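First, one chain by itself in structure tokens, the form solved without ligand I3P.
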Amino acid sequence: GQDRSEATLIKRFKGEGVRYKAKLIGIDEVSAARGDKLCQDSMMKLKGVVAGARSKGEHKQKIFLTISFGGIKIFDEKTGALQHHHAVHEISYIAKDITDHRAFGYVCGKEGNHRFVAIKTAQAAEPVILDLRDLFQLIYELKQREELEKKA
């Protein structure tokens, strides 16, 4: 039970935002901006690729992802370097992995350039998904009140 009041959420997502330890499953090109089946099919495909690489001795990249007013950022764990950056306006859909409580993904990109990014979280994926929901809702609300800049 975490506090999700507006004031708390602003302090939560400002600056570097919230960080989560995870592993990158992969990135797949998709045909649309949203869709439950679209995402589950992509997640299943990417995991299949990872499983095939895992049989060859390959492991997923260790990362940490942050959720902030800057959107979703993926950093390499070993070096701390920023590897992927998807702005809030570029993210269209968030989806939990129906078969894995520790995996989720999101669709990003403009029309005709959609990609599904799959993440295996160190702990439960739920808190990450809820943070994204809260972040997007907050930005929508602040924008409607013309106060996003005063809180970002």
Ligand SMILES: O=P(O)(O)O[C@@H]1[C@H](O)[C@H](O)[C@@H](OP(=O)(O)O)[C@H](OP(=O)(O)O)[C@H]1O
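Under this definition, the rigid core comprises the largest set of C-alpha atoms superposing within 1.5 Å between the forms. Residues that one form lacks are left out of the comparison. Numbers for residues come from their place in the sequence shown, where the first is 1.
The next section is about a form of this same protein that is not shown, the form deposited with ligand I3P bound.
At the 4.5 Å threshold, heavy atoms of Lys110 stay clear of ligand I3P in the deposited complex, well away from it. Using a 4.5 angstroms limit between non-hydrogen atoms, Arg54 touches ligand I3P in the deposited complex.
Contact check for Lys60: a heavy atom falls within 4.5 Å of ligand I3P in the deposited complex.
Taking non-hydrogen atoms only, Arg115 never approaches ligand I3P to within 4.5 angstroms in the deposited complex. After fitting on the rigid core, only one stretch of 3+ residues whose CA atoms all move by 2 angstroms or more between the shown form and the other one is found, at 147-152.
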